[PDB]
Amino acid sequence: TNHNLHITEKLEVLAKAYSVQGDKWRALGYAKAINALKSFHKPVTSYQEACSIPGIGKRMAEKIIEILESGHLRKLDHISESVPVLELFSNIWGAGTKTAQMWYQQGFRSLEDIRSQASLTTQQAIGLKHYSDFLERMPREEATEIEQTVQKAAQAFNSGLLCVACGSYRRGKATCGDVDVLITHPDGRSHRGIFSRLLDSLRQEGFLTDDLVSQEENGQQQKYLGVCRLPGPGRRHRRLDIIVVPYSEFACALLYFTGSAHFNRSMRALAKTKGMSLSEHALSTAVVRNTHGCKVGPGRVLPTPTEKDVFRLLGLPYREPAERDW
DNA sequence: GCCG
DNA sequence: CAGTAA
DNA sequence: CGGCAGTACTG
Ligand SMILES: O=c1ccn([C@H]2C[C@H](O)[C@@H](COP(=O)(O)NP(=O)(O)OP(=O)(O)O)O2)c(=O)[nH]1
Ligand code: NA
Ligand code: NA
C-alpha cells in the first residue's frame, strides 16, 4: 500500500540519523511524516498536496519535492560518517545514544573494539553476547510456545492466574521482536509474590538464560525483562518481558502492553487534552496540570473493567488490537 | 521535524 | 539523578 | 514559544 516508497526510504535514513544522534523530537517529527506518507492513497506529486497531509509541513514538503524532481536528497550526502557506527553501538541492548556517542568519542568503531576495550554495564554485556539474536524477529508460533511455557509455570502454583501475550503478538503480527506476557489474578490478591515463584520455576527448568531487569529484593517487582530459550536443536535466545498487575488494573495494563507505542502515545495525548491521564495503571479524570503539561494534582481513578471502557470514557470508537499499529 |  | 527501556 | 506519554529499573 506504500505509494511513496522512493520518498520514505530516503526520509527513513535521515530519521534514523537524527534518532541515533539523540535529536529525539526532530526524529519524532520525521517518524510522524513517514507514516503519513506510507499510508496516503496516492503517490504524492506536488508541494501543495504534500502540505495538505497531517504530519507534513512546509519543511518536509520541500524535501519531498526535492526528491521527486531530482531523485536525490542533498541532506543525506552530509550525514556524519559516525552514524553507521552509532547505530551499530546503540543496537546493543542497554546502550543508547549517550553511550554510543561516548564509545565513539573514545575511538571505538566496531563491536570488536567494544568487546575488547569498552566499559560495559551488566546489561550491555548481555546485550553484546546476544547481539544478533536480539535483532532477529521470531515467528509468532514460537512466541506462542514461549507464552505457554510461562503460563504453564505460573498456573502450576496457582491455577487461577490469567496469562496473555500482548505487544506485536496480540496485534496479530507474523513475527515478534520479543514476547510480552501479562499476568493477573481475577480475585484481587494472589498476584502478590508470584514473580519470585515464577522466576524460580522458569530457572529450575533451564528456560531463562539471562536477566536484564529484575528487582527481586523487596517484593514490589513490577516487571521482568530477560532472555529465554526453548529446549532442543535449532533454537535461538529470545527476549521475554513479564509484568504482573492487580486485577483492577488489567484493562489498562492490557492496553499499554498491547500498544503499539505510537498508539499508546496518541491515546495518552488525547486523554491529556481532556484533563485526563492514561497510564499502564489507570485512566484518571480531573487531573490538574500546569502550563507546561506537567501533573501538579492527581485526579481520581475511573473504573475500567475492559479495554472498551477505556475507549468509551475517552469518547473514542473501540479499535481491535490488529488496528493499533498507529 | 509538526502544530496549536 | 541521567540513561535506558517497555 | 514550547510540548511532543506515562511508566519502571540501574547504579
Ligand atoms: O516506548 C514504549 C515502548 C513500548 N510501549 C508499550 C507498547 C508496546 O507494544 C509494549 C511492548 O513493548 P515492545 O518493545 O515489546 N514493542 P512491540 O511488542 O509492539 O513490538 P516488537 O516486540 O515486536 O518489537 O510496550 C510503550 O508504551 N512505550
Ligand atoms: Na540499545
Ligand atoms: Na514486544
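Below, all heavy atoms of this structure are taken into account, side chains as well, without hydrogens, waters or symmetry copies. Letters A, B, ... mirror the listed sequences (proteins, then strands); counts begin at 1.
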Peer 1: Report the distance from atom CH2 of A:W25 to atom P of B:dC3, rounded to the nearest whole Å.
Peer 2: 16 Å
Peer 1: Look at A:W93 and D:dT10 and indicate whether a side-chain polar atom (N or O) is within less than 4.0 Å of OP1 or OP2.
Peer 2: no
Peer 1: Quick one: is D:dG6 close enough that its OP1 or OP2 comes under 4.0 Å of any side-chain N or O from A:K272?
Peer 2: yes
Peer 1: Measuring from the side chain of A:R59 (C-beta onward, heavy atoms only), which nucleotide among B:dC3, D:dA5, B:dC2 has the closest atom?
Peer 2: B:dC2
Peer 1: The sugar of D:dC1: north or south, by the sign of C1'-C2'-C3'-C4'?
Peer 2: south
Peer 1: Whether A:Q215 contacts D:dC9 is assessed here as follows: a side-chain N or O lying under 4.0 Å from the phosphate OP1 or OP2. Is that the case?
Peer 2: no
Peer 1: Just by distance, with hydrogens left out, do A:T144 and A:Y169 show a side-chain donor and acceptor under 3.5 Å apart?
Peer 2: yes
Peer 1: Using OP1 and OP2 only, check whether a side-chain N or O of A:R289 sits under 4.0 Å from D:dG6.
Peer 2: yes
Peer 1: Would you mind telling me which of D:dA8, C:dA6, D:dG3 lies closest to the side-chain atoms of A:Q222?
Peer 2: D:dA8
Peer 1: Taking atom P of C:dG3 as reference, at what distance in whole Å does atom CD of A:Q124 sit?
Peer 2: 13 Å
Peer 1: For D:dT7 versus B:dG1, give the span between their P atoms, rounded off to a whole number of Å.
Peer 2: 31 Å
Peer 1: May I have the distance from A:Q123 (atom CD) to C:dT4 (atom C1'), rounded to whole angstrom?
Peer 2: 7 Å
Peer 1: Given the side-chain rings of A:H191 and A:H185, with only the six-membered ring counted for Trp, is the space between their centroids under 6.0 Å?
Peer 2: no
Peer 1: Distance check needed: D:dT7 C1' versus A:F263 CZ, whole Å only.
Peer 2: 17 Å
Peer 1: Give one of base, sugar-phosphate or nothing for A:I92, where a contact means two heavy atoms less than 4.0 Å apart.
Peer 2: sugar-phosphate
Peer 1: With a 4.5 Å heavy-atom cut-off, do A:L199 and A:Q221 have their side chains touching?
Peer 2: yes
Peer 1: Establish, with yes or no, whether the OP1 or OP2 oxygen of C:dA2 is under 4.0 angstrom from a side-chain nitrogen or oxygen of A:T99.
Peer 2: no
Peer 1: Base, sugar-phosphate, or nothing for A:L278, non-hydrogen atoms under 4.0 angstrom?
Peer 2: sugar-phosphate
Peer 1: P atom, D:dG6 versus C:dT4: distance in rounded Å?
Peer 2: 22 Å
Peer 1: With a 4.5 Å heavy-atom cut-off, do A:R238 and A:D178 have their side chains touching?
Peer 2: no
Peer 1: Between C:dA6, B:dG1, D:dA5, which nucleotide gets closest to the side-chain atoms of A:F257?
Peer 2: C:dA6
Peer 1: Applying a 4.0 Å non-hydrogen cut-off, can you work out what A:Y256 is touching in the nucleic acid: base, sugar-phosphate, or nothing?
Peer 2: base
Peer 1: When we call it a touch if two heavy atoms are under 4.0 Å apart, what does A:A95 touch: a base, just sugar-phosphate, or nothing?
Peer 2: sugar-phosphate
Peer 1: Taking CG from A:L212 and P from C:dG3, how many angstroms apart are they, rounded to a whole number?
Peer 2: 20 Å
Peer 1: Looking at side-chain heavy atoms only, is the closest gap between A:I7 and A:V44 below 4.5 Å?
Peer 2: no
Peer 1: Kindly say if A:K63 contacts the phosphate of B:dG1, meaning a side-chain N or O under 4.0 Å from OP1 or OP2.
Peer 2: yes
Peer 1: Considering only B:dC3, D:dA8, D:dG6, which nucleotide approaches the side chain of A:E280 most closely?
Peer 2: D:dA8
Peer 1: Does a nitrogen or oxygen in the side chain of A:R268 sit under 4.0 Å from OP1 or OP2 of D:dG6?
Peer 2: no
Peer 1: On a whole-Å scale, what distance lies between the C1' atoms belonging to C:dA5 and D:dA5?
Peer 2: 14 Å
Peer 1: Just compare C:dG3, D:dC9, D:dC4 and give me whichever is closest to any side-chain atom of A:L28.
Peer 2: D:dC4
Peer 1: Go through C:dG3, B:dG1, D:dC9 for me and flag the one nearest to the A:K98 side chain.
Peer 2: C:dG3
Peer 1: Under 4.0 Å, counting only non-hydrogen atoms across every strand here, what does A:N264 touch: a base, just sugar-phosphate, or nothing?
Peer 2: nothing
Peer 1: Does the structure place the NZ or CZ of A:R312 under 6.0 Å from the centre of the six-membered ring of A:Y318, at an angle of no more than 45° from the ring's axis?
Peer 2: no
Peer 1: Give one of base, sugar-phosphate or nothing for A:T97, where a contact means two heavy atoms less than 4.0 Å apart.
Peer 2: sugar-phosphate
Peer 1: According to a strict under-4.0 Å criterion, is A:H281 in side-chain N/O contact with OP1 or OP2 of D:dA8?
Peer 2: yes
Peer 1: Hey, do the aromatic rings of A:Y30 and A:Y18 have their centres closer than 6.0 Å?
Peer 2: yes
Peer 1: Rounded to the nearest Å, what distance is computed from the CZ atom of residue A:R26 to the P atom of nucleotide D:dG2?
Peer 2: 17 Å
Peer 1: Whole-Å distance between D:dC4 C1' and A:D23 CG?
Peer 2: 13 Å
Peer 1: With side chains defined as the heavy atoms from C-beta onward, is the minimum distance between A:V310 and A:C252 less than 4.5 Å?
Peer 2: yes
Peer 1: Which base, if any, makes a Watson-Crick or G-U wobble pair with C:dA2, both distances under 3.5 Å?
Peer 2: D:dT10
Peer 1: With a cut-off of less than 4.0 Å, is there a side-chain N or O of A:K24 near OP1 or OP2 of B:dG1?
Peer 2: no
Peer 1: Whole-Å distance between C:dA6 P and A:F134 CZ?
Peer 2: 10 Å
